[PDB]
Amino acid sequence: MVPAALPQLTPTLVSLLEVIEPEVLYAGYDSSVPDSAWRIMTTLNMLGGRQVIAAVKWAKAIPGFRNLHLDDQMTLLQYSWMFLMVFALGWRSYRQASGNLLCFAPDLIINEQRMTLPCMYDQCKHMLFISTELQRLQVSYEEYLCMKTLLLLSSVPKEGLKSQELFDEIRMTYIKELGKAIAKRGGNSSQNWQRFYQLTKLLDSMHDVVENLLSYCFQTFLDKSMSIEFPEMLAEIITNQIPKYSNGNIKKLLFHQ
């Protein structure tokens, strides 16, 4: 038996990331519904809006984020939300299912049969991919936390942000934090170099994954005849994101050529 206590923070970025990471949300899933791709998609979007609200609260607590121009803050969240949602879905699916099942929430796990329904097959393959890479690379929780912050900071307007210099500084702090997370494992210098290379390749690969997923998100959002619903938060973000995406304004910040 031990007394109740809050965990001990330390003066490191990863320690703060651990305390501000939002708790995993339950979907409040009514599993009595029949299996259908359209119903599943709506359910996922309603969960997604709740996760995005939690992610906005998380971003506000990231050191320096709130010091960027308010427009930069909105833009970064509009450009990165899908990255944040898919990477966290990847983490849950890796930790709970070794990347074999889509773990949206503890009460919403999409199995192989459901993932292979006619109109689920393609999108689920894309959604599950990053989980298989987290599994392959055996990513640690500290590595994951640092990488997830880098994803908030991986896409910017082509013309630059209003607070560009500060943004570059913040981004470099998390690149360095990722290196520290890798190094803490106790590998030698060569292994550290190799692992940093592999994890930054993984970060870069997120852009093509997200392109695959935004194609579904935007088409199901726009074609109202499909009757796939989105909550207000998400609908607003998507409404604002599409014009930037389609005008080619979303610039990816790649580590590698």
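Note that residue numbering begins at 1 and tracks the sequence as displayed.
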With respect to the recorded C-alpha B factors, which stretch has the higher mean value, 226-234 or 199-207?
226-234
Selected stretch [higher average CA B-factor]: 175-183 or 70-78
70-78
Selection by C-alpha B-factor (highest) of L213, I40, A61, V52
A61
Quiz for you: based on the deposited Cα B-factor, which of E142, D122, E169, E133 is highest?
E169
Going by the entry, which third of its chain does the Cα temperature factor of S36 land in?
middle
Chain thirds of CA B-factor: placement of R92
lowest
Where the record places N192 (Cα B-factor, split into thirds across the chain):
middle
For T116, return the chain-relative third of its C-alpha B-factor as stated in the PDB record: lowest, middle or highest.
middle
Looking at the temperature factor on the CA atom of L137, which third of the chain's modelled residues does it land in?
middle
